[PDB]
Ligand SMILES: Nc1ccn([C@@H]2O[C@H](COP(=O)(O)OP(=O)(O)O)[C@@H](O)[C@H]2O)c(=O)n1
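Here you get one chain, nothing else, as structure tokens; it is the form solved without the named molecule.
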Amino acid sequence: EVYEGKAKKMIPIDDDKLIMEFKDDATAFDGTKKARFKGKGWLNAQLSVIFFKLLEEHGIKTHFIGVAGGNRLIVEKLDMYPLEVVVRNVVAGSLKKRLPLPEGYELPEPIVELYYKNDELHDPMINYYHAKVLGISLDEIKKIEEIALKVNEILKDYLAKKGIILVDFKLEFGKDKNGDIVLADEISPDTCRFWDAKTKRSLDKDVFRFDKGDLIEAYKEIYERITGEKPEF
């Protein structure tokens, strides 16, 4: 059986591999807002590949194995932590409701937030003690955050050289058969906030969230600035 999530489908290959297929569907505000954008899947697939390859070069262990053409990646099957790990460099989104700081406030150092993946409870934020009750040891949490913080440096530096501010982003992790902590899911304009360095405008899912313009146009601009090429689809 294939798992069909809000944005991607996961097709089993064997015991240790999956196909991650990116859909054109977009959801927001915990699923209340919905639309489909032709080519969104392709862009998010291609961009994930570029980011995973960049991170692998820097010695980040990711689930990325290869491409299966189109909107499909081949990825290592992992035993997933029930976490969303959010790294924040610039104040935006939900952080404005947690710290009395304005949108665009540049953080002196990165913030890491842990969210417990649980639909029933609406993905509440947790700390290290909650994580322990969930079966995640302090060492594991520490290794996870150390990876997220390294990922942050690499992506923000890379993107800055392209005139893009990495505002924040969301990661997921799992364990491989050796018990190593492996970066999973996706890295795309769906799961990151990207702002133009010159204009400060959103080139990410916030365009869809708040009707700030044309989503495909914004995701394309990201692809074009990153690759140097115009997207083929």
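The first residue of the shown sequence is 1; numbering continues from there.
FYI, the form deposited with the named molecule bound isn't displayed, but the following is about it.
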query: Partner-proximal stretch of 156-164, 92-100, 142-150, 128-136 relative to the named molecule in the deposited complex, 4.5 angstroms, heavy atom; finding: 92-100
query: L47 within 4.5 Å of the named molecule in the deposited complex, heavy atoms; finding: no
query: 4.5 angstroms heavy atom contact with the named molecule in the deposited complex for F169; finding: yes
query: Exercise: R72 in contact with the named molecule in the deposited complex, heavy atom 4.5 Å; finding: no
query: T191 within 4.5 Å of the named molecule in the deposited complex, heavy atoms; finding: yes
query: Residues within stretch 107-123 having a non-hydrogen atom within 4.5 Å of the named molecule in the deposited complex; finding: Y115, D123
